[PDB]
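First up is the structure itself, then whatever we jot down about it.
There are 2 protein chains.
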Amino acid sequence: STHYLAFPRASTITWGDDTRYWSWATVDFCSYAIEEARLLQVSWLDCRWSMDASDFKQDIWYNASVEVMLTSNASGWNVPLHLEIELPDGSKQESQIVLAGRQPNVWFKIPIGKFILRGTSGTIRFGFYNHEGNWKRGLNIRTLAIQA
Amino acid sequence: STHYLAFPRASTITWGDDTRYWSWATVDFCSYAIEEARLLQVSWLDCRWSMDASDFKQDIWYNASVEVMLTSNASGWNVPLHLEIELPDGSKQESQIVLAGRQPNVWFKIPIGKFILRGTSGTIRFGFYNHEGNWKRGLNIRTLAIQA
Ligand SMILES: [Pt+2]
Ligand SMILES: [Pt+2]
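First to last, the sequence lines map onto chains A and A'. A prime marks a further copy of an entry chain.
Read in order, the letters of the first sequence correspond to residues 5 to 123, 126 to 154 in PDB author numbering.
Read in order, the letters of the second sequence correspond to residues 5 to 123, 126 to 154 in PDB author numbering.
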């Protein structure tokens, strides 16, 4: 079961307001108007949603997922995409995925890890990033999904 | 633009775990598995989502909306449905709507008010309720939508 969807406008995306690096396109999602974040090109890819432990139930396993598409111009996905959940104590769930082997122009969902809240509140960060000196191009971001 | 969708499983719904008063049905929403909350009957209708000011951007006008359906067995909607946003300082946005005049078996969206965050964090409550000694029956709840 899906408890929340968070759209990229709610994310902190480095360069997201820079038109030479990122685009925004309005589109319909099951009657709701959302904006997809479309990466043209960056060296510094960093996309981080912020929600609060208090937004969730305690002692329940949550999984997080981000739905993306590679464009026809997709490139530089040979480097590891770092996946992260940061809990309010600073502890993290850390992962890695290589996108170079994926087919373009189809939505797929990347899992970014599982968490549980024991002992209640504080920021919880949901992100992916790659900071290497190579160009990442042509990733479109639909939504963060949080399940339990 | 829609920043978040919150599904009723994330809400605090009085009697929601009581099978004599409420039902849960799994259904598809633009590829995501959600559970609709279906009210059979209560006298005490109370449905309240909790998110944190920190989940939003400051100095930006947000509107909140809840998508519902009246069933074929819909009843007791002649009383005012109280709509509420409670900010972290305790201040509220308060509204009222009468559902008795609405057609059943079609999704519609109820606006529950607008807010802006000036001076940052704390619980923000999104709810509707009616506590009168009358039976409310046959309301299905899809999702809270938060826009800016
Ligand atoms: Pt992200
Ligand atoms: Pt509600």
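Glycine residues also receive a C-beta, built at the ideal position from the N, C-alpha and C atoms.
*Comparing the CB of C34 (chain A') with every heavy atom of ligand 2, is any distance shorter than 8 Å?*
no
*Can you tell me the Cα-Cα spacing of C34 (chain A) and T126 (chain A'), whole angstroms?*
31 Å
*contact_flag[the region 129-137 of chain A, the region 88-105 of chain A] where n(CB pairs < 8 Å) is 3 or more*: yes
*asked:* What does the Cβ neighbour count give for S76 (chain A'), buried or exposed, with the cut at 16 atoms within 10 Å?
replied: exposed
*For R106 (chain A'), which three-state DSSP category applies?*
Three-state result, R106 (chain A'): coil.
_Segment limits, beta strand (DSSP E) that includes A41 (chain A)_ = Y36 to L43
*Quick one: grab the DSSP three-state call for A57 (chain A).*
helix
*Label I64 (chain A) either buried or exposed according to how many other C-beta atoms from any shown protein chain fall within 10 Å of its C-beta, with 16 as the threshold for buried.*
Looking at its Cβ environment, which holds fewer than 16 other Cβ atoms inside 10 Å, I64 (chain A) is exposed.
*Chain-ordered list of residues that sit, by beta carbon, closer than 7 Å to a heavy atom of ligand 1*: A:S15, A:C51, A:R52, A:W53, A:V70, A:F132, A:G133, A:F134, A:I147 and A:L150
*Could you tell me if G105 (chain A) is buried or exposed, where buried requires 16 or more neighbouring beta carbons within 10 angstroms of its beta carbon?*
Exposed, by the Cβ-count rule.
*Name the residue from A:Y8, A:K61 and A:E39 whose alpha carbon lies nearest to the alpha carbon of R122 (chain A).*
A:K61
*asked:* Quick check on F119 (chain A): buried or exposed, where buried means 16 or more other Cβ atoms within 10 Å of its Cβ?
replied: Counting Cβ neighbours within 10 Å, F119 (chain A) comes out buried, since at least 16 surround it.
*Under the rule that 16 or more other beta-carbon atoms within 10 Å means buried, what is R148 (chain A'), buried or exposed?*
buried
*Where does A14 (chain A') sit, in a helix, a strand or coil, going by DSSP?*
Under the three-state reduction of DSSP output, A14 (chain A') falls in the helix class.
*What are the residues of the region 54-70 of chain A that lie near chain A', defined by any Cβ-Cβ distance shorter than 7 Å?*
For the region 54-70 of chain A, which is checked against every Cβ of chain A', the residues closer than 7 Å are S54, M55, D56, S58 and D59.
*Put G133 (chain A') into one of helix, strand or coil per three-state DSSP.*
strand
*Quick one, which residues of the region 6-30 of chain A are near chain A' if we go by CB-CB under 8 Å, in chain order?*
Against chain A' - using a Cβ distance shorter than 8 Å - the residues of the region 6-30 of chain A are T6, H7, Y8, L9, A10, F11, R13, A14 and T30.
*Quick one: grab the DSSP three-state call for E71 (chain A).*
Here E71 (chain A) sits in strand by DSSP.
*asked:* In whole angstroms, give me the CA-to-CA distance for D21 (chain A) and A29 (chain A).
replied: One Cα belongs to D21 (chain A), the other to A29 (chain A), and the distance between them is close to 13 Å.
*Give the residues of chain A in contact with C34 (chain A'), contact being defined as C-beta atoms less than 7 Å apart.*
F33 and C34
*Do you know offhand how far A14 (chain A)'s Cα is from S58 (chain A)'s?*
17 Å
*Can you give the Cα-Cα distance for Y135 (chain A) and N109 (chain A'), rounded to whole angstroms?*
44 Å
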